[PDB]
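This is query06.pdb. It holds PDB, C-alpha atoms.
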```pdb
ATOM      1  CA  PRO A   2      97.571  93.459 120.104  1.00  0.00           C
ATOM      2  CA  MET A   3     101.099  92.053 120.153  1.00  0.00           C
ATOM      3  CA  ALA A   4     102.180  89.407 117.633  1.00  0.00           C
ATOM      4  CA  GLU A   5     105.554  87.652 117.391  1.00  0.00           C
ATOM      5  CA  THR A   6     105.285  86.763 113.636  1.00  0.00           C
ATOM      6  CA  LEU A   7     103.536  88.340 110.693  1.00  0.00           C
ATOM      7  CA  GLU A   8     103.031  86.639 107.343  1.00  0.00           C
ATOM      8  CA  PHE A   9     102.082  88.116 103.982  1.00  0.00           C
ATOM      9  CA  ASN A  10     101.779  85.681 101.115  1.00  0.00           C
ATOM     10  CA  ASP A  11     100.372  88.138  98.609  1.00  0.00           C
ATOM     11  CA  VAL A  12     102.885  90.970  98.401  1.00  0.00           C
ATOM     12  CA  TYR A  13     105.712  91.837  96.021  1.00  0.00           C
ATOM     13  CA  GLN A  14     109.245  93.125  96.062  1.00  0.00           C
ATOM     14  CA  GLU A  15     109.452  96.171  93.849  1.00  0.00           C
ATOM     15  CA  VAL A  16     112.652  96.416  91.844  1.00  0.00           C
ATOM     16  CA  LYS A  17     112.862  99.091  89.152  1.00  0.00           C
ATOM     17  CA  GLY A  18     109.193  98.728  88.221  1.00  0.00           C
ATOM     18  CA  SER A  19     109.283  94.943  88.413  1.00  0.00           C
ATOM     19  CA  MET A  20     106.882  93.403  90.899  1.00  0.00           C
ATOM     20  CA  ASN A  21     108.335  90.183  92.255  1.00  0.00           C
ATOM     21  CA  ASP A  22     105.656  88.150  93.935  1.00  0.00           C
ATOM     22  CA  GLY A  23     106.658  86.286  97.066  1.00  0.00           C
ATOM     23  CA  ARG A  24     106.129  85.494 100.738  1.00  0.00           C
ATOM     24  CA  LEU A  25     107.131  88.049 103.394  1.00  0.00           C
ATOM     25  CA  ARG A  26     107.690  86.849 106.958  1.00  0.00           C
ATOM     26  CA  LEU A  27     108.443  88.999 109.972  1.00  0.00           C
ATOM     27  CA  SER A  28     109.826  87.479 113.132  1.00  0.00           C
ATOM     28  CA  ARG A  29     111.342  89.100 116.195  1.00  0.00           C
ATOM     29  CA  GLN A  30     114.820  88.491 114.748  1.00  0.00           C
ATOM     30  CA  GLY A  31     114.070  89.984 111.352  1.00  0.00           C
ATOM     31  CA  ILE A  32     112.596  89.763 107.876  1.00  0.00           C
ATOM     32  CA  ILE A  33     112.683  87.050 105.220  1.00  0.00           C
ATOM     33  CA  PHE A  34     111.375  87.431 101.696  1.00  0.00           C
ATOM     34  CA  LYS A  35     111.227  84.552  99.261  1.00  0.00           C
ATOM     35  CA  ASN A  36     110.624  85.116  95.562  1.00  0.00           C
ATOM     36  CA  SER A  37     107.942  82.666  94.469  1.00  0.00           C
ATOM     37  CA  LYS A  38     109.180  82.293  90.898  1.00  0.00           C
ATOM     38  CA  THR A  39     112.966  82.274  91.372  1.00  0.00           C
ATOM     39  CA  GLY A  40     113.105  81.031  94.954  1.00  0.00           C
ATOM     40  CA  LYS A  41     115.525  83.829  95.855  1.00  0.00           C
ATOM     41  CA  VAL A  42     115.672  84.434  99.590  1.00  0.00           C
ATOM     42  CA  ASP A  43     116.632  87.709 101.246  1.00  0.00           C
ATOM     43  CA  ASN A  44     117.328  87.896 104.981  1.00  0.00           C
ATOM     44  CA  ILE A  45     117.285  91.113 106.994  1.00  0.00           C
ATOM     45  CA  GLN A  46     118.369  91.102 110.635  1.00  0.00           C
ATOM     46  CA  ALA A  47     116.438  93.446 112.892  1.00  0.00           C
ATOM     47  CA  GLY A  48     119.716  95.057 113.921  1.00  0.00           C
ATOM     48  CA  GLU A  49     120.525  95.926 110.311  1.00  0.00           C
ATOM     49  CA  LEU A  50     117.469  98.114 109.914  1.00  0.00           C
ATOM     50  CA  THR A  51     118.032 101.833 110.138  1.00  0.00           C
ATOM     51  CA  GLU A  52     114.906 103.080 108.395  1.00  0.00           C
ATOM     52  CA  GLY A  53     111.332 102.077 107.695  1.00  0.00           C
ATOM     53  CA  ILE A  54     108.902 104.014 105.500  1.00  0.00           C
ATOM     54  CA  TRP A  55     105.203 103.339 104.813  1.00  0.00           C
ATOM     55  CA  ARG A  56     103.715 104.964 101.729  1.00  0.00           C
ATOM     56  CA  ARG A  57     101.239 104.557  98.888  1.00  0.00           C
ATOM     57  CA  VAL A  58     102.694 102.623  95.966  1.00  0.00           C
ATOM     58  CA  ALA A  59     101.486 101.261  92.608  1.00  0.00           C
ATOM     59  CA  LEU A  60      99.374  98.585  94.259  1.00  0.00           C
ATOM     60  CA  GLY A  61      98.104  99.536  97.695  1.00  0.00           C
ATOM     61  CA  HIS A  62     100.739 100.573 100.198  1.00  0.00           C
ATOM     62  CA  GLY A  63     104.348  99.554 100.649  1.00  0.00           C
ATOM     63  CA  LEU A  64     107.310  99.387 102.986  1.00  0.00           C
ATOM     64  CA  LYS A  65     110.611 100.888 102.041  1.00  0.00           C
ATOM     65  CA  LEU A  66     113.425  99.762 104.240  1.00  0.00           C
ATOM     66  CA  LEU A  67     117.032 100.829 104.582  1.00  0.00           C
ATOM     67  CA  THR A  68     119.800  98.770 106.199  1.00  0.00           C
ATOM     68  CA  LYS A  69     123.165  99.833 107.648  1.00  0.00           C
ATOM     69  CA  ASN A  70     125.022  98.587 104.582  1.00  0.00           C
ATOM     70  CA  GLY A  71     122.923 100.811 102.337  1.00  0.00           C
ATOM     71  CA  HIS A  72     120.685  98.132 100.862  1.00  0.00           C
ATOM     72  CA  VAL A  73     117.139  99.224  99.961  1.00  0.00           C
ATOM     73  CA  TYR A  74     114.157  96.861 100.150  1.00  0.00           C
ATOM     74  CA  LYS A  75     110.664  97.687  98.950  1.00  0.00           C
ATOM     75  CA  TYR A  76     107.707  95.439  99.644  1.00  0.00           C
ATOM     76  CA  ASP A  77     104.457  96.505  98.034  1.00  0.00           C
ATOM     77  CA  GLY A  78     100.874  95.342  97.783  1.00  0.00           C
ATOM     78  CA  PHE A  79      99.676  95.803 101.344  1.00  0.00           C
ATOM     79  CA  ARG A  80      96.100  96.838 102.019  1.00  0.00           C
ATOM     80  CA  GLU A  81      96.222 100.135 103.919  1.00  0.00           C
ATOM     81  CA  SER A  82      94.611  98.414 106.915  1.00  0.00           C
ATOM     82  CA  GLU A  83      97.872  96.557 107.560  1.00  0.00           C
ATOM     83  CA  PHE A  84      99.593  99.680 108.874  1.00  0.00           C
ATOM     84  CA  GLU A  85      98.621  99.173 112.502  1.00  0.00           C
ATOM     85  CA  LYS A  86     100.057  95.667 112.831  1.00  0.00           C
ATOM     86  CA  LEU A  87     103.178  96.535 110.832  1.00  0.00           C
ATOM     87  CA  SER A  88     103.782  99.719 112.785  1.00  0.00           C
ATOM     88  CA  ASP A  89     103.228  97.807 116.009  1.00  0.00           C
ATOM     89  CA  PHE A  90     105.668  95.070 115.023  1.00  0.00           C
ATOM     90  CA  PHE A  91     108.408  97.467 113.994  1.00  0.00           C
ATOM     91  CA  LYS A  92     108.159  99.564 117.136  1.00  0.00           C
ATOM     92  CA  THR A  93     107.902  96.624 119.510  1.00  0.00           C
ATOM     93  CA  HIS A  94     110.448  94.181 118.077  1.00  0.00           C
ATOM     94  CA  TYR A  95     112.655  96.147 115.708  1.00  0.00           C
ATOM     95  CA  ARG A  96     112.962  99.268 117.923  1.00  0.00           C
ATOM     96  CA  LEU A  97     112.283 101.461 114.903  1.00  0.00           C
ATOM     97  CA  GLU A  98     109.228 103.563 114.020  1.00  0.00           C
ATOM     98  CA  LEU A  99     107.652 103.484 110.549  1.00  0.00           C
ATOM     99  CA  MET A 100     107.677 106.904 108.932  1.00  0.00           C
ATOM    100  CA  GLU A 101     104.379 107.609 107.204  1.00  0.00           C
ATOM    101  CA  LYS A 102     104.951 109.290 103.851  1.00  0.00           C
TER     102      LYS A 102
END
```
Structure translated into structure tokens:
Amino acid sequence: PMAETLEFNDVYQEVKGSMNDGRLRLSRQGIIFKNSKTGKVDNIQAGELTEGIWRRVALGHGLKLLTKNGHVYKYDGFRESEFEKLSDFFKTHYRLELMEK
């Protein structure tokens, strides 16, 4: 079932063991994460993405993304059941296929 946006208000950015809680939002154009505590926003354009990985992490499952400029983004705390919709979104809108690891 196709969706143009996906929202996750209960996930974290993982940075060196730190779990930064925030809001993740996927649109056709890309990805925005906003750190709840610090308010720090990170934008990722669909075009920038070269790699998407889905794997078990410390809490549930997580995405690990790579962009053309070498930046790494890790968003953790997904229930495993989210794979289908995430995989679907990436393949449909981002023209990239999540690697299951």
**Request:** Apply the PyMOL selection byres ((chain A and resi 49-59) around 9) to the displayed file and report the matching residues as a PyMOL selection string.
**Result:** chain A and resi 31+45-48+60-70+77-78+81+84+88+91+95+97-102
**Request:** Determine, counting all atoms listed in the file, which protein, DNA and RNA residues have an atom within 9 Å of an atom of residue 40 (chain A); residues of the same chain fewer than 4 positions away are not included. Present the result as an MDAnalysis selection string.
**Result:** chainID A and resid 23 35:36
Using all atoms of region 8-24 of chain A that appear in the file, construct an axis-aligned enclosing box with 4 Å of padding on every side and provide its centre coordinates and edge lengths in Å, rounded to one decimal, as JSON.
```
{"center_x": 106.6, "center_y": 92.3, "center_z": 97.8, "size_x": 20.5, "size_y": 21.6, "size_z": 27.1}
```
**Asked** Just so the selection is clear, what residues does the PyMOL selection byres ((chain A and resi 10) around 10) cover here, as a ChimeraX atom specification?
**Response** /A:8-9,11-13,22-26,34-35,37
Could you write out that same residue set with C-alpha atoms as an mmCIF file, keeping the file's coordinate frame?
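Contents of out.cif, as written:
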```cif
data_model
loop_
_atom_site.group_PDB
_atom_site.id
_atom_site.type_symbol
_atom_site.label_atom_id
_atom_site.label_comp_id
_atom_site.auth_asym_id
_atom_site.auth_seq_id
_atom_site.Cartn_x
_atom_site.Cartn_y
_atom_site.Cartn_z
ATOM 1 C CA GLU A 8 103.031 86.639 107.343
ATOM 2 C CA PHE A 9 102.082 88.116 103.982
ATOM 3 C CA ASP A 11 100.372 88.138 98.609
ATOM 4 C CA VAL A 12 102.885 90.970 98.401
ATOM 5 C CA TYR A 13 105.712 91.837 96.021
ATOM 6 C CA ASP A 22 105.656 88.150 93.935
ATOM 7 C CA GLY A 23 106.658 86.286 97.066
ATOM 8 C CA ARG A 24 106.129 85.494 100.738
ATOM 9 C CA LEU A 25 107.131 88.049 103.394
ATOM 10 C CA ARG A 26 107.690 86.849 106.958
ATOM 11 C CA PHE A 34 111.375 87.431 101.696
ATOM 12 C CA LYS A 35 111.227 84.552 99.261
ATOM 13 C CA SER A 37 107.942 82.666 94.469
#
```
**Request:** Please evaluate the PyMOL selection byres ((chain A and resi 14-18) around 6) against the structure above and give the resulting residues as a PyMOL selection string.
**Result:** chain A and resi 13+19-21+75-76
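For the pair CA of residue 44 (chain A) and CA of residue 32 (chain A), the interatomic distance is 5.9 Å.
For the pair CA of residue 73 (chain A) and CA of residue 2 (chain A), the separation is 28.7 Å.
Among the candidates A:94, A:33, A:43, A:7, the one nearest to residue 72 (chain A) when counting only C-alpha atoms is A:43.
Near residue 93 (chain A), within 10 Å and counting all atoms listed in the file, sit residues 3, 4, 5, 29, 87, 88, 89, 90, 96, 97 and 98 of chain A, not including residues fewer than 3 positions from it in the same chain.
In this comparison, which uses all atoms listed in the file, the residue of A:86, A:79, A:6, A:42 approaching residue 27 (chain A) most closely is A:6.
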